[PDB]
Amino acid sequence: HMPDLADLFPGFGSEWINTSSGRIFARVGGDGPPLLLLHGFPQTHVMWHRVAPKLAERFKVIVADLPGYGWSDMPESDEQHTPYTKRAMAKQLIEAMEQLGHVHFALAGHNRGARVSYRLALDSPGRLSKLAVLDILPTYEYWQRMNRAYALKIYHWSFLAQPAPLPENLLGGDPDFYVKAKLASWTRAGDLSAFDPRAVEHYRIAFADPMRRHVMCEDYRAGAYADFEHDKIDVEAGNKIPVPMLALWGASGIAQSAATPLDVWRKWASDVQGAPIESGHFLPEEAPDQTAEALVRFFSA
């Protein structure tokens, strides 16, 4: 519905899926077993545009905007940031998938979307055939690593979780500059060259809306509070994801800082494989051919 934004999934349909928490926007393509792809921050569903055509050669691919992101609706939040907790987002996306007739599907997520994905696997494992998480550790593991070096290296988790309207007021002075600098700052080279400029305009246009930025802050507030508490319950109970799992991360990404990610994920999951890729955080755009191959082989095995 935005005239000047490009169509980066030629051939894919476009659907508005109703749920009890609001509409989920998605591009839908391909044919075969169902595969849901979930972006994160500060992006929208379009960050899958370099791998989704390849995946659609082998799967029915659903590329969804997270609750409150992109063109999905933005539920009003509350004092516990409930609609933007990964538990609620996973429930909402389960409903959306049911609208399409998918009650058991494959799932790949990146960034916040990967957090939705592993929470979905901890709360509702029967919904997933297989799961892949891209350049993340569990939210509990980010916070347990917190120290001086980590606080300086990855500041925005604590910044964006500050009580409203502090991050909102600071982000709104020059939002284009912030979102473009965040995108560049976590690539391997530190610039915007890994991104299609038409995809960057999608991200910029989303980030230009104060309502969209507020959702992002609520998401990070959930990530500091309820999401962390939910994860803490699972790890202290020794609960492990039983769904077969793939952890892909960037050699220069966020997840690897002071971590061996596959060893971390083996604490959280009983059947997990994984590998690094030479990349910053944004695997599907920085290393699309290798990411698409890793996903196709994992989900088709």
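Residue positions are given as counts along the sequence shown, with the first one as 1.
Judged by mean Cα B factor in the deposited record, 260-268 ranks above the other of 242-250 and 260-268. Taking the mean C-alpha B-factor of each stretch as recorded, 178-186 and 153-161 are not equal, and the higher mean is that of 178-186.
Residues shown: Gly30, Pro67, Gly40, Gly274. Highest C-alpha temperature factor in the entry: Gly274.
Considering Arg50, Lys232, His45, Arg58 together, the PDB entry gives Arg58 the largest C-alpha B factor.
Split the chain's modelled residues into thirds by C-alpha temperature factor. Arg204 is in the middle one. Ranked within its chain, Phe25 lands in the lowest third, by CA B factor from the PDB record. Annotation for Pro197: CA B-factor lies in the highest third of the chain's modelled residues. Residue-level temperature factors show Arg145 in the middle third of its chain, judged at the C-alpha atom. Split the chain's modelled residues into thirds by C-alpha temperature factor. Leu36 is in the lowest one.
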